[PDB]
There are 2 protein chains.
Amino acid sequence: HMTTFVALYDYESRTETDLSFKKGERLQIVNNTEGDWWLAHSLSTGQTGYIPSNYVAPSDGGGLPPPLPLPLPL
Amino acid sequence: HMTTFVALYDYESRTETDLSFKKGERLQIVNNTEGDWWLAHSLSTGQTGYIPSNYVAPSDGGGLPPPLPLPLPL
Ligand SMILES: [Zn+2]
Ligand SMILES: [Zn+2]
């Protein structure tokens with residue numbers, strides 16, 4: 001199905017390559033091989049640019065868990 | 001106010017000191033200064049132990065953002 005992310009906070013663009021967005025906006029991630037800045041496309045504003053990946057979460061639950069942090073506790 | 005986290009996924013205990021929980025449980029964090037495993041207390045099961053911090057989210061929205069990922073886009 002169409003897989004999107006939702007913004008957890010507002011972000012104000014400050015460069016010519018980042019993307020502003022509002023809390024609750026739905027974003028399509030067009031690229032995530034760049035590190036912790038992801039190339040996103042807004043479903044509601046039609047703008048495109050880089051976003052901080054820690055400002056968004058997946059739009060749907062039922063995702064599978066991430067790897068556990070290592071080391072494990074005792 | 002009472003600050004809690006919510007489980008995003010089930011977690012099955014596998015060590016001597018970790019804590020099992022179910023998706024949707026609310027957890028009170030009693031120590032989060034030791035690394036990415038946090039000492040938690042279940043509101044519903046009354047159990048206590050270490051949880052993987054990437055399996056939980058804050059219960060409340062409207063917390064403040066994390067600092068912007070390190071390097072930048074220009
Ligand atoms: Zn799909
Ligand atoms: Zn409070």
# chains A, B, ... in the order shown; residues from 1 in each chain; ligands from 1
>>> residues_near_ligand(ligand="ligand 2", cutoff="10 Å", atoms="only C-alpha atoms and all ligand atoms", output="list in words")
residues 1, 2, 3, 4 and 60 of chain B
>>> write_last_selection(atoms="N, CA, C and O atoms", output="PDB file, in the first residue's frame")
ATOM      1  N   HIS B   1       2.547  16.754  34.911  1.00  0.00           N
ATOM      2  CA  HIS B   1       1.632  15.627  34.864  1.00  0.00           C
ATOM      3  C   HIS B   1       2.370  14.279  34.881  1.00  0.00           C
ATOM      4  O   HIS B   1       3.522  14.292  34.686  1.00  0.00           O
ATOM      5  N   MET B   2       1.656  13.161  35.151  1.00  0.00           N
ATOM      6  CA  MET B   2       2.219  11.809  35.034  1.00  0.00           C
ATOM      7  C   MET B   2       2.779  11.522  33.677  1.00  0.00           C
ATOM      8  O   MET B   2       2.063  11.570  32.700  1.00  0.00           O
ATOM      9  N   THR B   3       4.062  11.261  33.609  1.00  0.00           N
ATOM     10  CA  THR B   3       4.736  11.092  32.318  1.00  0.00           C
ATOM     11  C   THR B   3       4.982   9.597  32.097  1.00  0.00           C
ATOM     12  O   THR B   3       5.650   8.951  32.874  1.00  0.00           O
ATOM     13  N   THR B   4       4.489   9.109  31.004  1.00  0.00           N
ATOM     14  CA  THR B   4       4.650   7.716  30.643  1.00  0.00           C
ATOM     15  C   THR B   4       4.992   7.556  29.134  1.00  0.00           C
ATOM     16  O   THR B   4       4.852   8.463  28.355  1.00  0.00           O
ATOM     17  N   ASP B  60       2.356  11.112  25.250  1.00  0.00           N
ATOM     18  CA  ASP B  60       1.855  12.419  24.862  1.00  0.00           C
ATOM     19  C   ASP B  60       2.521  12.946  23.632  1.00  0.00           C
ATOM     20  O   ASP B  60       3.718  12.795  23.448  1.00  0.00           O
TER      21      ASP B  60
END
>>> residues_around(residues="residue 9 of chain B", least_positions_apart="6", cutoff="9 Å", atoms="only C-alpha atoms", output="PyMOL selection string")
(chain A and resi 62-65) or (chain B and resi 21-24+55-56)
>>> write_last_selection(atoms="C-alpha atoms", output="PDB file, in the first residue's frame")
ATOM      1  CA  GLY A  62       1.761  -2.683  12.349  1.00  0.00           C
ATOM      2  CA  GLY A  63       5.357  -1.984  11.388  1.00  0.00           C
ATOM      3  CA  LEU A  64       7.877  -4.480  12.575  1.00  0.00           C
ATOM      4  CA  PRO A  65      10.236  -3.612  15.396  1.00  0.00           C
TER       5      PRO A  65
ATOM      6  CA  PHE B  21       5.543  -6.111  27.669  1.00  0.00           C
ATOM      7  CA  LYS B  22       2.770  -5.920  25.187  1.00  0.00           C
ATOM      8  CA  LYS B  23       2.014  -3.361  22.443  1.00  0.00           C
ATOM      9  CA  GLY B  24      -0.020  -0.555  23.965  1.00  0.00           C
ATOM     10  CA  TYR B  55      10.302  -0.039  21.276  1.00  0.00           C
ATOM     11  CA  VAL B  56       8.406   2.784  23.070  1.00  0.00           C
TER      12      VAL B  56
END
>>> interface_residues(of="chain B", to="chain A", cutoff="10 Å", atoms="only C-alpha atoms", output="PyMOL selection string")
chain B and resi 8-11+14-18+35-38+49-55+61-74
>>> atom_distance(atom1="atom CA of residue 59 of chain B", atom2="atom CA of residue 25 of chain A")
19.6 Å
>>> calpha_fit_and_write(fixed="chain B", moving="chain A", output="short mmCIF file (atom, residue, chain, number, x, y, z; two decimals) with C-alpha atoms, in the first residue's frame")
data_model
loop_
_atom_site.label_atom_id
_atom_site.label_comp_id
_atom_site.auth_asym_id
_atom_site.auth_seq_id
_atom_site.Cartn_x
_atom_site.Cartn_y
_atom_site.Cartn_z
CA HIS A 1 1.69 15.59 34.96
CA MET A 2 2.47 11.88 35.08
CA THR A 3 4.80 11.20 32.16
CA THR A 4 4.68 7.72 30.55
CA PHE A 5 5.77 5.93 27.39
CA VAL A 6 3.79 3.59 25.21
CA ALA A 7 5.15 0.36 23.70
CA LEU A 8 5.20 0.33 19.87
CA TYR A 9 5.78 -3.46 19.69
CA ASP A 10 5.71 -6.53 21.92
CA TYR A 11 8.92 -7.41 23.69
CA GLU A 12 9.65 -10.90 25.17
CA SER A 13 12.03 -10.87 28.15
CA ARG A 14 15.00 -13.16 27.69
CA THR A 15 17.20 -12.29 30.71
CA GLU A 16 16.57 -11.96 34.46
CA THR A 17 16.82 -8.12 34.32
CA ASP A 18 14.70 -7.22 31.21
CA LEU A 19 10.91 -6.62 31.19
CA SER A 20 8.32 -8.16 28.94
CA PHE A 21 5.57 -6.01 27.60
CA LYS A 22 2.81 -5.83 25.06
CA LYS A 23 2.19 -3.31 22.30
CA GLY A 24 0.09 -0.44 23.73
CA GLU A 25 1.17 -0.98 27.33
CA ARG A 26 1.95 2.18 29.27
CA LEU A 27 5.38 2.25 30.96
CA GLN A 28 6.87 4.59 33.51
CA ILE A 29 10.63 5.12 32.90
CA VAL A 30 12.34 4.91 36.29
CA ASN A 31 15.79 5.38 34.74
CA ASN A 32 17.33 6.41 31.39
CA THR A 33 21.02 7.07 32.27
CA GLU A 34 21.97 3.66 31.09
CA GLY A 35 22.12 4.09 27.34
CA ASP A 36 19.47 2.74 24.99
CA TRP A 37 18.18 0.20 27.52
CA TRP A 38 15.85 2.04 29.97
CA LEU A 39 14.64 0.83 33.37
CA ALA A 40 10.85 0.73 33.15
CA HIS A 41 7.88 -0.06 35.42
CA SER A 42 4.62 -1.26 33.90
CA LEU A 43 1.42 0.61 34.85
CA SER A 44 -0.71 -2.44 34.12
CA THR A 45 1.42 -5.49 35.04
CA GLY A 46 3.38 -4.06 37.93
CA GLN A 47 6.59 -5.61 36.63
CA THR A 48 9.94 -3.78 36.46
CA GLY A 49 12.98 -4.13 34.24
CA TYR A 50 15.00 -3.02 31.34
CA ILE A 51 13.42 -2.28 28.01
CA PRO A 52 14.84 -1.38 24.60
CA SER A 53 14.27 2.37 24.35
CA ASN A 54 13.60 2.18 20.59
CA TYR A 55 10.50 0.04 21.31
CA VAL A 56 8.59 2.87 23.00
CA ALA A 57 7.38 6.38 22.21
CA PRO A 58 6.09 9.12 24.50
CA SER A 59 2.46 8.69 25.48
CA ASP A 60 1.46 12.25 24.72
CA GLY A 61 2.08 14.55 21.83
CA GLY A 62 3.10 18.14 22.53
CA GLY A 63 6.65 17.10 23.32
CA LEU A 64 9.34 19.34 22.01
CA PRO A 65 11.47 18.26 19.08
CA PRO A 66 14.73 16.55 19.38
CA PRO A 67 17.99 18.17 18.22
CA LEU A 68 18.41 18.21 14.49
CA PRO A 69 20.76 15.59 13.03
CA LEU A 70 24.09 17.09 11.93
CA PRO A 71 25.32 18.08 9.50
CA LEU A 72 22.48 20.10 8.00
CA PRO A 73 21.78 19.61 4.31
CA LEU A 74 23.02 22.29 1.91
#
>>> select_by_dssp(residues="chain B", states="strand (DSSP E)", output="PyMOL selection string")
chain B and resi 5-7+26-31+37-42+48-52+56-58
